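First up is the structure itself, then whatever we jot down about it.
Chains as they are written, first to last, in our numbering: chain S, 1276 to 1486; chain G, 1276 to 1486; chain D, 1276 to 1486; chain H, 862 to 1073; chain C, 1276 to 1486; chain R, 1474 to 1690; chain F, 1474 to 1690; chain B, 1474 to 1690; chain U, 944 to 1161.
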């Protein structure tokens, strides 16, 4: 209707007004880099043992989702096995939730999520990345994902500067570069070489060296 | 009215923008072939012993339906006999569900379903295919079904190139051909020669051999 | 009203787009003939011992009603006597149900029902036919009922070609004739002779002979 | 209130399209005559021992009310005495129900009710007729009541041809006459003479007999 | 959206009509100073051990939130540890609440909140201030916060006159000054030198003696 | 107390004593335990005055309620069903009813009489033996009927046998009252025929009652 | 009371005694305990007259209900399932049913007979031994069939053995009724073949009754 | 009744007797107590015929239901979890299951075999001793396996030891049935390997039974 | 069964036997009763194999759940609180846990070890005596520690005393299992230090146990 395009605009605008975020998969695993001035409010987080989460947009809204995600994940793992929790599954859940909100609530969530999964310790498997958008539409890119602010300048910057399997420190530079289009950064990685919890946040002196 | 027409148009547009899917009856059983880049997100699925499911459109929505169908089937099978579950029945359910959604929810589901049934192990029976559309309208074609994207170029391609009772590898070519109008494919069959669980995905080398 | 005539139109239109159905009294008992392509989806059905049911319109909707009817009937029969169940009663129930839907739901059911009763084995009574319409209005014709599609051409055809206490083979021709205005047919009768369960469907080969 | 006027019209029109019904007091008791071809459907009914009910309009709706009336009456009779149930009372109930519907539901009931009460067998009392209309308004006429279809032709026909305390067979003619403005009839009477149940129906041998 | 803008204006207007409030970080903790004629109504309050709260706007509304905040805090502290309650957390909560109200209630709350946290007695940490606005947007300033009335004249006055790590009596003057743009004052400080309960109100001789 | 019911050619009769006790004490001499539920049916409960009425009252209302709603009366089976439902309803919430009725829809009017009783657990049962009895004297009454039933040929003899059976019950059981000639109180009875269910006049019962007594004096 | 069921080549037969007790007293001589639930199935309950009917009635309604809704009848497994669900339903609200049936979908029509019984705890059981019996005389009936089963070759012999087994049960168990020749009351039976379930005519039974008696006089 | 399971190099075998009792009475000789719930797992319950099926049926449904929903099967841990949840589910409403399974994801295929049993209170337990047994004859079965387990080297010897253990259980416990040579009824078994769960054919078990018997004559 | 815990300078060690009984019968020889709930904590329950896991699994999930939601771990007090809530929860709808943890936020790292036990009624209790034990052998184990605790100076001696206490428990209580040298099954242990909670390798425990039993008997 106009009831549906109007909403799609409100949302798409609010997202285009937020800080940008990037997720890319390096040889080591998935890397999250988002521009973030605040030192207490976070756009990147761990949802489960091998799956992480990054979002752009209105905080109170995407944080709320992050919690619900964790809620859901922890619950499945308990009711089944820990290995039931998958990027695939969580994304699916976020899609159905954003989809519902966009349809039935007063205002659509002005957010854009990325759920990233990495292979379990022993095995080999190509990192998966999912982008869920304000309307419940769910995409799955293979190399990188860009969210919030003005995406094209950054998506193009990566398209050309992107080498798969880049060491950590390499992929880190490519990302910060593509974002240009340092204590203002939130960085974290989904380490596929960790035994159980893959999420690990890079901060301070450690981050400076890779930087 | 005009509003209902608008809803229908929106659903059609949403569907006409998704990847295409094909289901056709072959001597071995029913074959499902859908164009699908993603390796973790699936448009074809098992429903019950002898009935499978393929959909096209917005994922979060048709997947949700896939789950509810499985939920429903598994329940009937327990509350009655395993042979109470039929393609006929499930399609009926999907019809009433999509019909309700299209009437009483905020946005119609942008999906198109196909429920296929094949004969039980022992007996002989002509495969049934059912197409349920965004509005609850339910059709039952005898030879093939095409959903999503631009259907005419593919429906015509089959009309002429369709041999009923083809071998598997034959029907597979005819389908991939009609789709033209390989690791970008999701393929699976409802083999009627299996004793109980008819659904069988074709992946990797086997699919290649079929190619 | 305006709300109320709008709904009355949506309904009356959807019904005028569906396949036509005919129910007429004959010496044997009531006869049901409906044009129906599908071999698995049914417009005619048993309800209780001596009462049958035929509908035209949107399937998911009228089927739903058929089930609720059976539900109600079987329940009354258990909680009272089997002879408490009457065409009169069930039509009444359908009336109050369609009446409610038309008033209180989002969309009126696009259906037209016929409930037919025939005399119990031993006794003599003249078969009763009831037409319940989308709005809960309930009529009780004495000779025949026509529903769905364009009714006038068929109602007129019968008015003149209708002989009461006609032979079933006879009545069957009259009906197929009036419908003109064979494996595309669903036929059934509510025969007086059956001791308890009057409903009987004519499958085809035996069906061909009546032709 | 234009909306109210509109609601009033939808109702008043639907009732003006239905078959007519007449209820008139006679020496024996109240008499109900309605033109009704359908043999299974019914516009006239018992409600309680000394009270009957007749309606005109859309069946599913007025039948529904007939049932609720019986429901209510049987309940009161059990929770108090059988003599607590009165025409007065039931009409009051129908009024409050039709009133509510007309206000709060999506569509007003397209109906017109008549509740008739006759004195108890031992006692002698004047018959009482009540007309409840689609909006909850409740009238109580003393001689006759006309509902459904075009009422004026019939109301006038009775005004002049009405003798109070007619014999049964007399009042029956007067009524069928006023209706003109035989297996197409539903007839029933409230009999004051009957010891407990006053409702009675006339099948047809008697009707032919009373019709001629 | 124009409607959303209208709600914001109604809210932004009502806030611009209320008395002004200031919160700034000083050497001994966080200082609250608000202009307030009333002697029984309060705009500044304790929330938990180390976190205080100040609001400007319509009383019945911001008080209600103050209570909700205390409710929530005291509950978390009991269900977890007393150290789970943080400024960060409570602000988050207020954001989601004002956010909800602004979306789903009839009128947006005409309020502006400040939640300030200070270091525990043992640890040394920089005080954190958070401003939550009528729409759920949450900011975190590092030095001072100004709410209600005409803010610019006061924000500028501080920008220039603001020395971080002022003594108490110093910061107090700077604040009262910036407000100009005495029994008409509500003053309190989050003293980080107190062992458990940090909130402390200064009234009468104490305010006086610092002037 | 004892209630008794038997089939005769063309009807049934049911009859019940008038006593009620509270332990050893006699708490009633006047008690009606048999009532006419409908035109063709009647119930007897071997219980307190109140139980017998309150139950019949409720049942009668149910039956008529259905008729007013549906235009016709329940089939006899339907009548039994509702009764049973009602009985099981009160056993979840030991007055076990005896229902006597006439089935007009029955092919043969000679044996259109019906007797239905209820067991300890609220299960109904149709009597094909021709007679039945419930209550404390039930055993003596049944065993007396066993011997006298051969003599039942019409409604009048049926009535005498029923009354004699109740006499025998009161004779061997102290909770069942016999005919009080001093006070002129006799068992109540009801007869159901094609014509309908009617209350048997006290005078007739007395005639039978007096006759049974000087017949054994 | 005792119900008995046995498979014969081409069908099953099921039969039940006509007596019912309330303690030591005989409360019934006429009791039907076996009913045909549907075209290809029948149930017997070794219980009161009412329990046996009310349960069959309910089950029969379920089965037909499903058929009207879905166009076809449940598979045999389905019928057992619903039965079991119904049984467990009543045990959370000791009448243990015996179900005899004919499976038309069965590959071999000789052994399409089916017998299903229920244990103390409402768990169903399929009988692969060819016969089965429930109720107080169940032990004697089973042990009698053990010896006579070799002689079952058609539906007529199956019927005799079934009746003899019930005669044996009544002979050693006082709660199970034998053939009453004085009153002409015999056990009820049902046979189920590929042609469906049929009630065996009381004439056929009192034929076998006298036969089985005269053969031990 | 006894269920036995043991691990051999490359799989597990699970086997169960066929008897079932109602007190002292033998109520079943045919009872299947071991069923396949999925491709790599099977459950045995030392209980009535109905309990053993109805339980496996439900579990098998859960497992497959999950697979249809999520594209893949549960991990073995997952399988055990749902089982345990299901068991605790029925105990808050004493049939204690024995689960035998093969974990494909296991690093070493030789010890891929799994045995899980449940204690009195519904708590699961993994067997690291190589064998396990539940039911009335469980003690004798385990003590026999203690002595014979050293001889297990492949699936075939594993199967013999399992059958001998069930022979020893039936030998010292009357509720556990031995091999009926007269009727030709033997214990049921199931074998699980990388290839998957498979029902062991009666042929081989009878072959083995006899050889155990003769080895002791 | 017996679980034992004791503080040493710089940590805690917690160890638990491997037996489980059903009356007089031995129903388990392999039972793990001590599990690591989180990075700085572990629980032992003197119960069935299943109870000990299912309880630890639940607790561990709660603790991590809180951390993912809130960004940081509960304070030690917080951890105890949730535990106790959980224990009281299960006594409404007698497996009494022993919690060993290390408090990183503690001022003094030498005595950052923590031991919390639960009484009959689900009330928590902090051990200031340095050791603690629960289960049927608990009395013997505690009385043995009383005499041996003086010798605890590092994590290694703390581990030996813990094992010797469990050996003494098994010696005087039949529901507690000793070291089975025939089968090579020994008590399980966990050591918590500033670095984190670690499972003690069966080898170290086995060595100590073997040392005590082999020397004790040739």
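Backbone N, C-alpha and C define an ideal beta-carbon position, used for all residues, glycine too.
Rounded C-beta distance between residue i and residue j? I'm assuming under 8 angstroms.
i                       : j                       : result
residue 1433 of chain D : residue 1464 of chain D : Residue 1433 of chain D to residue 1464 of chain D, Cβ: 17 angstroms. No contact.
residue 1391 of chain G : residue 1379 of chain G : Not really, about 28 angstroms apart at Cβ, beyond 8 angstroms.
residue 1418 of chain D : residue 1437 of chain D : 6 angstroms
residue 949 of chain U  : residue 1073 of chain U : 6 angstroms
residue 1373 of chain S : residue 1344 of chain S : No, residue 1373 of chain S and residue 1344 of chain S are not in contact; Cβ-Cβ is about 12 angstroms, not under 8 angstroms.
Whose Cβ in chain B lies nearer than 9 angstroms to the Cβ of residue i?
i                       : result
residue 1594 of chain F : 1521, 1523, 1524
When we look at the beta-carbon of residue i and count the other beta-carbons within 10 Å, is it buried (16 or more) or exposed?
i                       : result
residue 1470 of chain B : It is not possible to answer for residue 1470 of chain B, since the shown part of chain B is limited to 1474 through 1690.
residue 1092 of chain U : buried
residue 1664 of chain F : buried
residue 1570 of chain B : buried
Going along chain B, which residues have a C-beta under 7 angstroms from residue i?
i                      : result
residue 973 of chain U : 1601
According to DSSP, which residues form a beta bridge with residue i?
i                       : result
residue 1671 of chain B : B:1664
residue 1011 of chain U : Per DSSP, none; premise fails for residue 1011 of chain U.
residue 1310 of chain D : D:1460
residue 955 of chain U  : U:950, U:1135
Run through chain C and tell me which residues come within less than 8 angstroms of residue i, C-beta to C-beta.
i                       : result
residue 1381 of chain S : 1378, 1379
Would you mind telling me which residues of chain D sit closer than 8 angstroms to residue i, beta carbon to beta carbon, in chain order?
i                      : result
residue 902 of chain H : 1363, 1413, 1415
Taking Cβ-Cβ distances shorter than 7 angstroms, what residues in chain R pair up with residue i?
i                      : result
residue 939 of chain H : 1534
Within 8 angstroms (strictly less), CB to CB, does residue i reach chain S?
i                       : result
residue 1276 of chain C : yes
Hey, does residue i have any beta-carbon neighbour from chain G nearer than 8 angstroms?
i                       : result
residue 1335 of chain D : yes
residue 1404 of chain D : no
Taking only beta-carbon atoms, is residue i less than 8 angstroms away from chain U?
i                       : result
residue 1349 of chain C : no
Quick one: list the residues of chain S neighbouring residue i, beta-carbon separation under 7 angstroms, in chain order.
i                       : result
residue 1338 of chain G : 1367
What does residue i touch in chain D if you count any residue whose Cβ is under 7 angstroms from its own?
i                       : result
residue 1550 of chain R : 1356
residue 1298 of chain G : Those do not exist, as residue 1298 of chain G stays about 17 angstroms from chain D at its closest Cβ, beyond 7 angstroms.
residue 899 of chain H  : 1415
If you measure from the beta carbon of residue i to each beta carbon in chain B, is any gap under 8 angstroms?
i                       : result
residue 1359 of chain S : yes
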